[PDB]
Amino acid sequence: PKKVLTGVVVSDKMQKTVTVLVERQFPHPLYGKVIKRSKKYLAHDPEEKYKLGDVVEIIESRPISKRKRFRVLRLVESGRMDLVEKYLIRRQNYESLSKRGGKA
Amino acid sequence: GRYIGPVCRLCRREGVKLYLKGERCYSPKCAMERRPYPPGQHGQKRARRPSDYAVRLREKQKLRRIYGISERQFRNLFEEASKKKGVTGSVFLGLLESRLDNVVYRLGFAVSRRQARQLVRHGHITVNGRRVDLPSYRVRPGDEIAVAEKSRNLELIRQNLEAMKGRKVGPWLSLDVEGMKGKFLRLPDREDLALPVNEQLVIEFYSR
Amino acid sequence: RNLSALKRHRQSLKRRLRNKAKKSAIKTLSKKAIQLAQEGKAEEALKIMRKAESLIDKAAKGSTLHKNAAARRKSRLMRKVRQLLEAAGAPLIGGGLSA
Amino acid sequence: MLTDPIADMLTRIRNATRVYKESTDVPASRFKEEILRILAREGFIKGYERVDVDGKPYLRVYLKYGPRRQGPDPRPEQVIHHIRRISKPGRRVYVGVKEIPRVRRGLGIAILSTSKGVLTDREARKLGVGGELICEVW
Amino acid sequence: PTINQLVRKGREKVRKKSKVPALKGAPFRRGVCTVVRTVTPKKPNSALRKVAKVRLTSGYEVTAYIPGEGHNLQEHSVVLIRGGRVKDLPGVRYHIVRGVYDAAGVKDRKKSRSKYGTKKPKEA
Amino acid sequence: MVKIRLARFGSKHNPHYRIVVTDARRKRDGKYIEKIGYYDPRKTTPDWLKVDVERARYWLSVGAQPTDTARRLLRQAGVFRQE
RNA sequence: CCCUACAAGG
RNA sequence: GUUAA
RNA sequence: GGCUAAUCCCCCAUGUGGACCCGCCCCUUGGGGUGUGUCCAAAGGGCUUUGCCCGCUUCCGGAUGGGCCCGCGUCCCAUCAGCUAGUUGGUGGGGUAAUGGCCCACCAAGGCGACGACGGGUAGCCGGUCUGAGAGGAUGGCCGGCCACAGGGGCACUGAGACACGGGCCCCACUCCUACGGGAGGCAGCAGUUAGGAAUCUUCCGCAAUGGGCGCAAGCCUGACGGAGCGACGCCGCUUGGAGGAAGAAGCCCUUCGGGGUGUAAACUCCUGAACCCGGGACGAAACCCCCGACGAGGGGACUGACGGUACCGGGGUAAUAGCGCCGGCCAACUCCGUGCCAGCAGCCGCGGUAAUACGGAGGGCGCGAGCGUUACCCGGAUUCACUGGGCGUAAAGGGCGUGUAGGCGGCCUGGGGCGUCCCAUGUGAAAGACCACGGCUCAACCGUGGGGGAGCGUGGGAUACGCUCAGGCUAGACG
Ligand SMILES: [K+]
Ligand SMILES: [K+]
Ligand SMILES: [K+]
Ligand SMILES: [K+]
Ligand SMILES: [K+]
Ligand SMILES: [K+]
Ligand SMILES: [K+]
Ligand SMILES: [K+]
Ligand SMILES: [K+]
Ligand SMILES: [K+]
Ligand SMILES: [K+]
Ligand SMILES: [K+]
Ligand SMILES: [K+]
Ligand SMILES: [K+]
Ligand SMILES: [K+]
Ligand SMILES: [Mg+2]
Ligand SMILES: [Mg+2]
Ligand SMILES: [Mg+2]
Ligand SMILES: [Mg+2]
Ligand SMILES: [Mg+2]
Ligand SMILES: [Mg+2]
Ligand SMILES: [Mg+2]
Ligand SMILES: [Mg+2]
Ligand SMILES: [Mg+2]
Ligand SMILES: [Mg+2]
Ligand SMILES: [Mg+2]
Ligand SMILES: [Mg+2]
Ligand SMILES: [Mg+2]
Ligand SMILES: [Mg+2]
Ligand SMILES: [Mg+2]
Ligand SMILES: [Mg+2]
Ligand SMILES: [Mg+2]
Ligand SMILES: [Mg+2]
Ligand SMILES: [Mg+2]
Ligand SMILES: [Mg+2]
Ligand SMILES: [Mg+2]
Ligand SMILES: [Mg+2]
Ligand SMILES: [Mg+2]
Ligand SMILES: [Mg+2]
Ligand SMILES: [Mg+2]
Ligand SMILES: [Mg+2]
Ligand SMILES: [Mg+2]
Ligand SMILES: [Mg+2]
Ligand SMILES: [Mg+2]
Ligand SMILES: [Mg+2]
Ligand SMILES: [Mg+2]
Ligand SMILES: [Mg+2]
Ligand SMILES: [Mg+2]
Ligand SMILES: [Mg+2]
Ligand SMILES: [Mg+2]
Ligand SMILES: [Mg+2]
Ligand SMILES: [Mg+2]
Ligand SMILES: [Mg+2]
Ligand SMILES: [Mg+2]
Ligand SMILES: [Mg+2]
Ligand SMILES: [Mg+2]
Ligand SMILES: [Mg+2]
Ligand SMILES: [Mg+2]
Ligand SMILES: [Mg+2]
Ligand SMILES: [Mg+2]
Ligand SMILES: [Mg+2]
Ligand SMILES: [Mg+2]
Ligand SMILES: [Mg+2]
Ligand SMILES: [Mg+2]
Ligand SMILES: [Mg+2]
Ligand SMILES: [Mg+2]
Ligand SMILES: [Mg+2]
Ligand SMILES: [Mg+2]
Ligand SMILES: [Mg+2]
Ligand SMILES: [Mg+2]
Ligand SMILES: [Mg+2]
Ligand SMILES: [Mg+2]
Ligand SMILES: [Mg+2]
Ligand SMILES: [Mg+2]
Ligand SMILES: [Mg+2]
Ligand SMILES: [Mg+2]
Ligand SMILES: [Mg+2]
Ligand SMILES: [Mg+2]
Ligand SMILES: [Mg+2]
Ligand SMILES: [Mg+2]
Ligand SMILES: [Mg+2]
Ligand SMILES: [Mg+2]
Ligand SMILES: [Mg+2]
Ligand SMILES: [Mg+2]
Ligand SMILES: [Mg+2]
Ligand SMILES: [Mg+2]
Ligand SMILES: [Mg+2]
Ligand SMILES: [Mg+2]
Ligand SMILES: [Mg+2]
Ligand SMILES: [Mg+2]
Ligand SMILES: [Mg+2]
Ligand SMILES: [Mg+2]
Ligand SMILES: [Zn+2]
C-alpha cells in the first residue's frame with residue numbers, strides 16, 4: 001500500500017508545494033525509553049489548497065520532482081500554528097549555537 | 001595414535017587399580033599390589049593436599065585412561081553428551097560404553113580394552129554380519145557383535161571364549177559363547193557400571 | 001589475438017548508419033510539419049505530418065526507433081500540429097488528425 | 001507535585017512496612033486503588049479503604065507481617081519483602097504476553113496494566129494479554 | 001546517568017592500543033640490525049641484557065631482545081621480529097626469533113629447544 | 001528461458017542433485033525459483049528419485065524447458081504419462 | 001684478592 | 001651510597 | 001573502381017490487430033472500452049515433398065529477468081556547525097521503456113541542519129560466522145544473494161538487454177614494435193612468472209557427469225564444472241602393536257650407601273598383521289540419437305568414465321614413525337650438579353648476590369600427541385561504557401552560582417479519538433548454515449531427506465488499563 005503519513009504544514013513558500021512535518025514515536029532500540037523522531041516531506045499541492053498550520057495526510061506518489069514523492073491526500077484539521085511555532089523556534093534556536101548565534 | 005606406553009604406571013598414579021592388561025592385573029602383581037604409590041623418584045615422599053583442580057583433573061584422567069581414548073575424542077564425546085538430553089554424567093558413560101572396541105571387551109572376546117582395540121583394527125570383529133575395524137564405531141541397541149568367521153579359529157579367540165564359558169556378562173549385554181557372538185541389548189544404566197570414577201568431578205573439570 | 005567476432009563491430013557500424021539516417025529523415029520532416037502548421041498551411045502541414053508518422057512507425061519495425069518511443073514521437077508531433085493549426089487554420093487535408 | 005504517584009505508593013508502603021506501622025495512607029486515585037485490590041487479593045496486605053484526610057481522598061493500606069520472632073531482633077518477617085517499580089515516567093516498560101516475567105518461580109508476582117485491566121502476571125497470562133509492566137512484589 | 005542522557009549520549013565503546021606496532025598486525029616482521037647493543041635492567045635487577053636495534057620492513061626502527069645465551073648478530077644481520085616485551089627493559093617490546101634468517105639458533109640447547117630454534121641432536 | 005534442471009548438492013565423489021526450476025542464465029548451484037524433486041544418481045537409498053509431479057506439470061505448462069537429463073528423471077517419475 | 005652480595009674506598 | 005633477609 | 005546472393009535493406013498491398021490525435025463512456029495519476037481520421041506487418045529454409053518440420057509477421061496474455069520510486073535500519077570525529085545556484089519549487093520543452101533539475105529555457109526564492117546538515121576519517125552490505133547465560137561484542141574469508149569495478153579518466157555505438165573484463169573511440173601513465181611518419185597492448189578468467197610480504201599451490205586431467213551458448217540433428221565450444229597434484233592450513237578417522245614377563249638385568253639418576261627410581265618398561269615367549277605383493281574390480285550412465293508407435297504416451301535398441309586398474313572385495317604378508325611444551329604461585333608436575341645480581345628466565349606476581357624445586361644440563365614427573373609450542377588478532381572472563389547490569393562526601397567523578405531557551409518529565413475526575421501499548425488472523429521471513437530426527441559412505445568428518453523455528457515489516461479485525469491527544473471539571477502542586 002502506498003504509505004500514508006500524517007503531519008503539519010510548516011511551509012507554503014513554494015509554488016504548489018507544502019513542507020509537511022511528520023512525527024513518530026517508538027521504543028528506543030536499546031534503552032527502551034519511548035523516544036520521538038520526525039522528518040519533513042515536500043508534498044504536492046497543485047491547487048495550492050493547503051495552508052501553513054494545516055494537519056494533512058500525505059501519500060506515497062509517483063515522483064513529482066527530485067526531493068518530492070508525496071501528494072497531500074486530505075486535511076485532517078487546521079489552525080494549529082502551535083505546531084508550526086514549535087518547529088520555527090527549534091529552528092530559531094539553532095542560529096544561536098555556533099559562532100553566528102545571538103538570542104538567549 | 002593411542003597411548004602405547006607403560007600402563008601399570010598409570011594405575012599407580014591414579015592410586016586406583018585400572019585394568020589395562022586384563023590378566024596379570026589379577027595376579028599378585030598389578031603393581032597396585034606392590035607399590036600402589038605414584039611412579040618416579042618421589043613416589044613415596046609424603047603427599048600434599050591436592051587442589052580442587054588437581055582432584056578433578058585426576059578423576060578425569062582416571063575415567064579416560066580406563067577406556068584408553070585420546071583427550072581429543074574423550075572431550076568430543078563429553079561435548080556430545082552435554083548437548084544431549086538427560087544427565088550428562090551418565091549419558092557420557094553411556095557413550096563411552098558404546099564404543100565397539102569397548103563392547104568387544106565387555107563380551108570377553110578380548111581380555112583387555114587395548115587387545116579389543118587390536119581385535120577390531122585387524123578386522124577379527126563384526127557388527128550385524130559386516131566387518132568393522134573402527135575401535136570408535138558406536139554400537140546401537142540391537143546390534144550383534146561377533147567374532148569374524150575367518151578368525152573363529154585364532155588360538156587367542158579360542159581361549160578368551162573358552163574362558164567366557166560359565167562367566168556372567170553385563171546386564172545390558174547377552175553373550176552366546178558357542179556362536180562367538182554377542183548382542184548389545186540396551187545402554188548401561190549408571191547403576192549397571194562399577195567404575196571407580198565420580199563422573200561429576202569430570203563434568204566440573206570441563207566447566208572451569 | 002584475433003577474435004573474428006569483431007564482425008560484430010563491423011555490423012554495428014552499418015546499423016549505426018542505417019539508424020542515424022532514418023532518425024534524421026524523421027526529425028527533418030517533423031520539424032517541417034510543425035513549421036507549416038505554425039504558419040497556418042493546414043493541408044500542406046498535415047500532408048507532411050503523415051509522412052513523419054509513417055517514417056516513425058516504419059522506424060519502429062526494427063531496432064532504429066523501436067518502442068513506445070515511436071508512440072511518444074507520433075504523439076508529440078500530432079500534438080504540436082493540431083495545437084499550432086487551431087491557433088488559426090482549419091484541418092483541411094485532415095490526413096491524420098481525427099475529426 | 002509527585003512525578004510517579006505509583007512509585008510514590010509503592011514506596012510509602014515499602015517505607016511503612018519497614019518500621020512495622022499498622023497502616024499507611026496514600027493520596028487517592030483509581031489506578032492506585034486497582035493496584036491495591038491485587039495486593040489485598042494476593043495477601044500482601046490486610047486490605048485497604050478510602051478515607052478522607054483533611055478533606056482530601058486517601059487510601060489507608062493495612063499492612064501484614066509474620067509472627068514475632070526468636071533470638072535477637074524479634075522483628076517479624078515481612079509479607080511484602082520486595083516491592084519494586086519497573087515501568088517509569090521516561091522509561092515505560094511494555095511486554096507482550098510471551099514476555100511477562102515469572103517472579104521468583106511463582107512465589108512472587110508481577111503487576112501489569114493491560115487493556116483488559118490491571119492483572120497479576122498469572123491473570124494476564126490466563127487472559128492471554130500483555131501490557132505495561134507496573135511493578136513486582138514478593 | 002538518566003535513561004534520557006543514555007539516549008542522548010549513549011555509552012562509549014573504548015578501544016585498546018596495540019602493545020605491538022609490527023604494523024599490519026602481522027604476527028612477525030623482518031628487518032635489519034642497525035646496532036647490536038647491551039643494556040642494563042631496571043632497579044631490582046642487574047645484568048648485561050642483549051638487545052638489537054632493528055630497521056623494519058614495516059618502516060619502523062625498534063629495539064628487539066636477543067633471547068638465549070648464544071647469539072651471533074652484527075650490524076647487518078637480517079632477522080625476524082615477533083613481539084613479546086621484556087619486563088626489565090623499558091622500551092623493549094619485541095623478541096628476535098632465533099633460528100630464522102641470520103639469527104643462529106642457540107647451540108647445545110637441549111630443553112625448550114623449539115624456542116631458541118635448536119634442532120634435535122642425535123641420541124644413542 | 002526458465003528451466004527445470006539439476007543443481008549439484010552432494011559432496012566430492014558423492015553427488016546429490018536437486019531437480020530445480022531456475023532461470024537458464026543463473027549459475028547452476030545458485031538461487032533457483034523452486035525445488036521440485038531430488039535425485040541420487042548412485043541410488044544409495046531406496047529413495048533416490050522424488051518429483052513433485054503436479055508442480056512439475058505446472059512449470060512445464062508455463063514454459064519451463066527441461067534439461068535432457070531433467071526430462072529423463074521427470075518421465076521416470078510419471079510426469080509425462082497419459083493413460 | 002681487603003671490607004659486605006655490591007657500590008665507593010685501600 | 002644500592003639491593004636483599 | 002567493378003560484379004553478386006540471401007532469413008540483408010527498401011516500396012506497394014492485405015489490417016487479425018496495434019500505435020497516435022480528438023470525442024464519449026467506465027475507471028481513477030498515463031488503467032480499460034469505443035467512434036471517426038491517420039499510421040504500421042512479414043522470410044524463407046528442410047524433407048520420409050499435396051503436408052509435415054524448423055522459422056518469419058502483428059496482437060493479447062503467461063512465465064522468468066530487470067529498471068525506477070517510497071517507509072524504516074546501516075561505523076568514528078562536533079578539536080567538522082552552519083551547508084546550498086541546478087541549489088528548492090513552478091510552467092513549458094528535451095531525453096528514456098519509464099517518473100524525476102535527469103538535461104534546457106524562462107519564473108519564483110526557496111531547500112537542508114543540533115532528531116547532527118556540511119566537512120573529515122574508515123568501510124562494499126547481507127544470509128551468516130566467532131564469542132557470550134543472555135543482552136551484547138567482534139566479523140563479512142570459503143558457499144549463496146545484492147552492489148561496484150575491469151591499468152587511471154571521460155564517451156557513446158550496436159542490441160531485448162551494455163554505456164560492455166577477453167567490443168569500439170579520446171585523453172593520461174606504462175610496455176613493446178618502428179624505415180620515427182605511425183602503430184600494438186591491459187590475467188581483479190585458469191595455470192604460471194615477477195615484485196611486495198611473516199605468508200598462500202599445478203604453466204595438471206577430462207568434457208565422462210551437472211550446467212551454459214549455437215545447431216533439426218549429428219555435434220562443436222565451455223580453465224563454468226567434475227577430478228587429480230602440492231601445503232598437518234582446518235576438521236574427522238587410523239597406525240607405530242596385543243597377551244605373558246622379576247620383589248625387578250644392565251645403563252643412567254638419587255642415597256643417610258641400608259637402599260629408592262626409571263619399571264613389565266626392556267630382554268625374551270607367544271599371538272595378531274600398518275606397510276607392502278598378487279588376482280578381481282566398480283557406482284557415478286542414461287538420456288540426446290535410432291526402431292515400433294503418432295517425431296506424443298508408452299515400449300525396445302545402441303554409444304559414452306577424466307577420476308582409475310582408484311574405491312571396495314578376496315588371497316598372501318613384515319612388529320613395523322614420536323614428538324613437543326611444561327614442572328616457584330596462578331597451574332598438573334622435584335631432585336642432583338653447574339652457575340654466583342653473572343650467564344640468563346619472565347604471561348602477571350617475580351627469580352639469579354656461593355647449598356636456586358624459578359637460570360643451564362641431567363634423572364624423575366605432569367600435559368597433549370602427528371602433533372606440540374610461539375607470535376598476531378577477535379569474543380570471553382570485564383557489572384572494567386553497567387539496556388539486562390556501575391557510579392560521583394574522603395577512592396576517578398557535582399558544573400563556582402543563578403536565570404532561563406530547546407528538550408526530557410507531569411496532580412485528581414469524566415468523556416472522544418486509538419499515536420504509543422497489548423491481542424487474533426494472515427502475507428513476508430530464498431537456499432545453505434544452526435537445532436532435532438532418521439538415513440548414505442565400515443565410523444566419523446562430510447553428505448542426504450524430513451521436522452520445528454522466530455524477531456522485524458505489510459494487511460484485516462479487535463482491546464483501551466497505562467502513556468499520548470482533544471474536550472470538560474476539580475483544588476491537594478504552583479502562583480496571587
Ligand atoms: K479507425
Ligand atoms: K509476452
Ligand atoms: K519490479
Ligand atoms: K519539468
Ligand atoms: K556489520
Ligand atoms: K551482524
Ligand atoms: K519414447
Ligand atoms: K588383505
Ligand atoms: K616391536
Ligand atoms: K658452587
Ligand atoms: K631446576
Ligand atoms: K580480552
Ligand atoms: K570542581
Ligand atoms: K566555569
Ligand atoms: K478512553
Ligand atoms: Mg505556495
Ligand atoms: Mg516537476
Ligand atoms: Mg546433557
Ligand atoms: Mg559469427
Ligand atoms: Mg536536416
Ligand atoms: Mg518505587
Ligand atoms: Mg522493594
Ligand atoms: Mg548501554
Ligand atoms: Mg639501562
Ligand atoms: Mg634481582
Ligand atoms: Mg607477550
Ligand atoms: Mg653518595
Ligand atoms: Mg638487586
Ligand atoms: Mg563500390
Ligand atoms: Mg533479390
Ligand atoms: Mg529482415
Ligand atoms: Mg483494423
Ligand atoms: Mg479491426
Ligand atoms: Mg481516466
Ligand atoms: Mg481511451
Ligand atoms: Mg479506435
Ligand atoms: Mg504497409
Ligand atoms: Mg516534464
Ligand atoms: Mg516523458
Ligand atoms: Mg539537479
Ligand atoms: Mg530527524
Ligand atoms: Mg558525514
Ligand atoms: Mg575499500
Ligand atoms: Mg557479559
Ligand atoms: Mg560469497
Ligand atoms: Mg573505473
Ligand atoms: Mg593490474
Ligand atoms: Mg582504460
Ligand atoms: Mg575504466
Ligand atoms: Mg538501441
Ligand atoms: Mg567499454
Ligand atoms: Mg583479460
Ligand atoms: Mg620476498
Ligand atoms: Mg588448488
Ligand atoms: Mg560437458
Ligand atoms: Mg551438456
Ligand atoms: Mg578452444
Ligand atoms: Mg575444481
Ligand atoms: Mg600452510
Ligand atoms: Mg608389553
Ligand atoms: Mg589389485
Ligand atoms: Mg547404471
Ligand atoms: Mg558406470
Ligand atoms: Mg552425447
Ligand atoms: Mg515410426
Ligand atoms: Mg523413451
Ligand atoms: Mg605369520
Ligand atoms: Mg602444583
Ligand atoms: Mg657462570
Ligand atoms: Mg623455561
Ligand atoms: Mg617456572
Ligand atoms: Mg588426528
Ligand atoms: Mg562488558
Ligand atoms: Mg577498560
Ligand atoms: Mg544502568
Ligand atoms: Mg565503579
Ligand atoms: Mg585527594
Ligand atoms: Mg576526589
Ligand atoms: Mg556545588
Ligand atoms: Mg520547558
Ligand atoms: Mg498524567
Ligand atoms: Mg507533555
Ligand atoms: Mg493504535
Ligand atoms: Mg521463516
Ligand atoms: Mg510473522
Ligand atoms: Mg532458511
Ligand atoms: Mg549411518
Ligand atoms: Mg534441511
Ligand atoms: Mg495490523
Ligand atoms: Mg483520554
Ligand atoms: Mg483539563
Ligand atoms: Mg475554586
Ligand atoms: Zn595394572
# chains A, B, ... in the order shown; residues from 1 in each chain; ligands from 1
>>> residues_near_ligand(ligand="ligand 93", cutoff="6 Å", atoms="only C-alpha atoms (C1' of nucleotides) and all ligand atoms", output="JSON, numbers by chain")
{"B": [8, 11, 18, 19, 20, 25, 30]}
>>> write_last_selection(atoms="N, CA, C and O atoms", output="tab-separated table (two decimals), in the first residue's frame")
chain	number	residue	atom	x	y	z
B	8	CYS	N	50.83	-49.82	33.71
B	8	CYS	CA	50.61	-50.04	35.14
B	8	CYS	C	51.14	-48.84	35.94
B	8	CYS	O	50.88	-48.71	37.13
B	11	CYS	N	48.00	-46.66	36.64
B	11	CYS	CA	47.19	-47.16	37.75
B	11	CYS	C	47.79	-46.59	39.04
B	11	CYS	O	47.07	-46.04	39.90
B	18	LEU	N	43.44	-49.75	37.75
B	18	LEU	CA	42.80	-49.61	36.43
B	18	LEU	C	43.19	-50.91	35.75
B	18	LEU	O	44.35	-51.36	35.87
B	19	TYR	N	42.26	-51.55	35.06
B	19	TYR	CA	42.63	-52.80	34.41
B	19	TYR	C	42.98	-52.51	32.95
B	19	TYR	O	42.10	-52.40	32.09
B	20	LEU	N	44.28	-52.37	32.69
B	20	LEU	CA	44.77	-52.06	31.34
B	20	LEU	C	45.52	-53.22	30.70
B	20	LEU	O	46.01	-53.10	29.57
B	25	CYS	N	46.58	-58.25	35.87
B	25	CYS	CA	46.04	-57.16	36.66
B	25	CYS	C	45.13	-57.84	37.70
B	25	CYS	O	44.30	-57.20	38.36
B	30	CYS	N	49.65	-56.49	40.07
B	30	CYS	CA	49.30	-55.38	39.16
B	30	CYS	C	50.10	-54.17	39.59
B	30	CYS	O	49.81	-53.04	39.17
>>> residues_near_ligand(ligand="ligand 43", cutoff="12 Å", atoms="only C-alpha atoms (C1' of nucleotides) and all ligand atoms", output="ChimeraX atom specification")
/I:122-124,148-149
>>> residues_around(residues="residue 93 in chain E", least_positions_apart="4", cutoff="9 Å", atoms="only C-alpha atoms (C1' of nucleotides)", output="list in words")
residues 19, 20, 62, 63, 64, 65, 83, 84, 85, 86, 87 and 89 of chain E
>>> write_last_selection(atoms="N, CA, C and O atoms", output="short mmCIF file (atom, residue, chain, number, x, y, z; two decimals), in the first residue's frame")
data_model
loop_
_atom_site.label_atom_id
_atom_site.label_comp_id
_atom_site.auth_asym_id
_atom_site.auth_seq_id
_atom_site.Cartn_x
_atom_site.Cartn_y
_atom_site.Cartn_z
N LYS E 19 50.07 -3.31 21.76
CA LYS E 19 51.28 -3.34 22.55
C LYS E 19 52.38 -3.71 21.55
O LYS E 19 53.54 -3.90 21.93
N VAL E 20 52.01 -3.77 20.27
CA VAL E 20 52.94 -4.22 19.25
C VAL E 20 52.84 -3.63 17.85
O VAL E 20 52.29 -4.27 16.95
N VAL E 62 62.76 -0.29 15.71
CA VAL E 62 62.57 -0.59 17.11
C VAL E 62 63.66 -1.49 17.68
O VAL E 62 64.36 -2.18 16.94
N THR E 63 63.80 -1.49 18.99
CA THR E 63 64.80 -2.34 19.61
C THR E 63 64.12 -3.67 19.94
O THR E 63 62.97 -3.70 20.38
N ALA E 64 64.82 -4.77 19.69
CA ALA E 64 64.29 -6.10 19.94
C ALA E 64 65.25 -6.91 20.80
O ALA E 64 66.47 -6.76 20.69
N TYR E 65 64.71 -7.79 21.63
CA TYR E 65 65.53 -8.60 22.51
C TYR E 65 66.14 -9.79 21.79
O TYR E 65 65.56 -10.35 20.85
N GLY E 83 57.59 -9.81 18.80
CA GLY E 83 56.68 -9.27 19.79
C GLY E 83 56.69 -10.15 21.02
O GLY E 83 56.54 -11.36 20.96
N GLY E 84 56.88 -9.50 22.16
CA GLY E 84 56.96 -10.16 23.44
C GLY E 84 57.94 -9.18 24.06
O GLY E 84 59.08 -9.07 23.61
N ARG E 85 57.49 -8.44 25.07
CA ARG E 85 58.39 -7.47 25.65
C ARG E 85 59.27 -8.07 26.74
O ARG E 85 59.24 -9.29 26.97
N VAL E 86 60.06 -7.21 27.38
CA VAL E 86 60.94 -7.63 28.45
C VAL E 86 60.63 -6.77 29.67
O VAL E 86 60.97 -5.59 29.72
N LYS E 87 59.97 -7.38 30.66
CA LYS E 87 59.56 -6.67 31.86
C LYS E 87 60.67 -5.75 32.41
O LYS E 87 60.39 -4.68 32.96
N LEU E 89 63.39 -4.37 30.59
CA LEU E 89 63.93 -3.37 29.70
C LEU E 89 62.85 -2.45 29.15
O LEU E 89 62.25 -2.73 28.09
#
>>> atom_distance(atom1="CA of residue 121 in chain B", atom2="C1' of residue 445 in chain I")
19.1 Å
>>> residues_around(residues="residue 2 in chain H", least_positions_apart="5", cutoff="10 Å", atoms="only C-alpha atoms (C1' of nucleotides)", output="list in words")
residues 43 and 44 of chain E; 6 and 7 of chain G
>>> closest_atom_pairs(of="chain C", to="chain I", cutoff="9 Å", atoms="only C-alpha atoms (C1' of nucleotides)", output="Markdown table")
| residue | atom | partner | partner_atom | distance |
| --- | --- | --- | --- | --- |
| C:5 | CA | I:167 | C1' | 8.9 |
| C:6 | CA | I:167 | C1' | 7.1 |
| C:8 | CA | I:167 | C1' | 7.8 |
| C:9 | CA | I:167 | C1' | 6.5 |
| C:11 | CA | I:158 | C1' | 7.7 |
| C:12 | CA | I:158 | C1' | 4.4 |
| C:13 | CA | I:157 | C1' | 7.4 |
| C:15 | CA | I:158 | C1' | 7.2 |
| C:16 | CA | I:157 | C1' | 6.7 |
| C:50 | CA | I:38 | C1' | 6.9 |
| C:51 | CA | I:39 | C1' | 8.7 |
| C:53 | CA | I:39 | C1' | 5.7 |
| C:54 | CA | I:39 | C1' | 5.4 |
| C:55 | CA | I:39 | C1' | 8.9 |
| C:56 | CA | I:39 | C1' | 8.8 |
| C:57 | CA | I:40 | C1' | 5.6 |
| C:58 | CA | I:40 | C1' | 6.5 |
| C:60 | CA | I:40 | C1' | 8.5 |
| C:61 | CA | I:40 | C1' | 8.0 |
| C:63 | CA | I:159 | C1' | 7.8 |
| C:67 | CA | I:97 | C1' | 7.5 |
| C:68 | CA | I:97 | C1' | 7.1 |
| C:69 | CA | I:97 | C1' | 7.9 |
| C:70 | CA | I:19 | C1' | 8.0 |
| C:71 | CA | I:19 | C1' | 6.1 |
| C:72 | CA | I:20 | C1' | 8.3 |
| C:73 | CA | I:20 | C1' | 8.6 |
| C:74 | CA | I:20 | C1' | 5.4 |
| C:75 | CA | I:20 | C1' | 5.2 |
| C:76 | CA | I:20 | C1' | 8.9 |
| C:77 | CA | I:20 | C1' | 8.9 |
| C:78 | CA | I:21 | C1' | 5.6 |
| C:79 | CA | I:21 | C1' | 6.6 |
| C:82 | CA | I:21 | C1' | 7.8 |
| C:94 | CA | I:37 | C1' | 6.9 |
| C:95 | CA | I:38 | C1' | 5.9 |
| C:96 | CA | I:38 | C1' | 3.7 |
| C:97 | CA | I:21 | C1' | 5.2 |
| C:98 | CA | I:37 | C1' | 3.9 |
| C:99 | CA | I:37 | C1' | 6.2 |
>>> residues_around(residues="range 128-132 of chain D", least_positions_apart="6", cutoff="8 Å", atoms="only C-alpha atoms (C1' of nucleotides)", output="ChimeraX atom specification")
/D:87,92-100,112-116 /I:421-423,466
>>> residues_around(residues="range 44-59 of chain D", least_positions_apart="6", cutoff="7 Å", atoms="only C-alpha atoms (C1' of nucleotides)", output="PDB file with C-alpha atoms (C1' of nucleotides), in the first residue's frame")
ATOM      1  CA  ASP D  25      -2.084   6.485  53.876  1.00  0.00           C
ATOM      2  CA  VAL D  26      -1.524   7.291  50.209  1.00  0.00           C
ATOM      3  CA  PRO D  27      -3.065  10.047  48.020  1.00  0.00           C
ATOM      4  CA  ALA D  28      -6.122   8.540  46.320  1.00  0.00           C
ATOM      5  CA  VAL D  79       4.925 -10.356  53.907  1.00  0.00           C
ATOM      6  CA  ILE D  80       5.965  -7.729  51.323  1.00  0.00           C
TER       7      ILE D  80
ATOM      8  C1'   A I 476      -4.214  18.686  47.398  1.00  0.00           C
TER       9        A I 476
END
>>> interface_residues(of="chain I", to="chain E", cutoff="7 Å", atoms="only C-alpha atoms (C1' of nucleotides)", output="ChimeraX atom specification")
/I:198,341,343-344,375-376,385,408
>>> residues_near_ligand(ligand="ligand 71", cutoff="10 Å", atoms="only C-alpha atoms (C1' of nucleotides) and all ligand atoms", output="PyMOL selection string")
chain I and resi 326-329+345-346+351+357-358
>>> select_by_dssp(residues="chain A", states="strand (DSSP E)", output="PyMOL selection string")
chain A and resi 4-9+17-28+32-44+55-65+68-77
>>> closest_atom_pairs(of="chain B", to="chain I", cutoff="7 Å", atoms="only C-alpha atoms (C1' of nucleotides)", output="JSON lines")
{"residue": "B:1", "atom": "CA", "partner": "I:239", "partner_atom": "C1'", "distance": 6.5}
{"residue": "B:6", "atom": "CA", "partner": "I:265", "partner_atom": "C1'", "distance": 6.1}
{"residue": "B:40", "atom": "CA", "partner": "I:364", "partner_atom": "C1'", "distance": 5.4}
{"residue": "B:41", "atom": "CA", "partner": "I:261", "partner_atom": "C1'", "distance": 4.7}
{"residue": "B:54", "atom": "CA", "partner": "I:332", "partner_atom": "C1'", "distance": 6.4}
{"residue": "B:115", "atom": "CA", "partner": "I:242", "partner_atom": "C1'", "distance": 5.3}
{"residue": "B:118", "atom": "CA", "partner": "I:242", "partner_atom": "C1'", "distance": 6.6}
{"residue": "B:131", "atom": "CA", "partner": "I:442", "partner_atom": "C1'", "distance": 6.6}
{"residue": "B:132", "atom": "CA", "partner": "I:442", "partner_atom": "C1'", "distance": 5.1}
{"residue": "B:134", "atom": "CA", "partner": "I:443", "partner_atom": "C1'", "distance": 6.1}
{"residue": "B:136", "atom": "CA", "partner": "I:443", "partner_atom": "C1'", "distance": 6.8}
{"residue": "B:137", "atom": "CA", "partner": "I:443", "partner_atom": "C1'", "distance": 4.8}
{"residue": "B:156", "atom": "CA", "partner": "I:271", "partner_atom": "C1'", "distance": 6.7}
>>> atom_distance(atom1="CA of residue 17 in chain A", atom2="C1' of residue 27 in chain I")
27.6 Å
>>> residues_around(residues="residue 38 in chain F", least_positions_apart="5", cutoff="9 Å", atoms="only C-alpha atoms (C1' of nucleotides)", output="list in words")
residues 6, 16, 17, 18, 19, 20, 48, 49, 50 and 51 of chain F
>>> residues_near_ligand(ligand="ligand 45", cutoff="8 Å", atoms="only C-alpha atoms (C1' of nucleotides) and all ligand atoms", output="list in words")
residues 142, 143 and 144 of chain I
>>> interface_residues(of="chain I", to="chain D", cutoff="12 Å", atoms="only C-alpha atoms (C1' of nucleotides)", output="NGL selection string")
:I and (387 or 408-413 or 418 or 420-424 or 462-467 or 474-478)
>>> residues_near_ligand(ligand="ligand 17", cutoff="12 Å", atoms="only C-alpha atoms (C1' of nucleotides) and all ligand atoms", output="PyMOL selection string")
(chain A and resi 15-17+43-46+62-69) or (chain I and resi 88-92+99-102)
>>> closest_residue(among="F:69, F:82, F:76, F:45", to="ligand 64", atoms="only C-alpha atoms and all ligand atoms")
F:69
>>> residues_near_ligand(ligand="ligand 63", cutoff="9 Å", atoms="only C-alpha atoms (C1' of nucleotides) and all ligand atoms", output="list in words")
residues 282, 283, 284, 285 and 305 of chain I
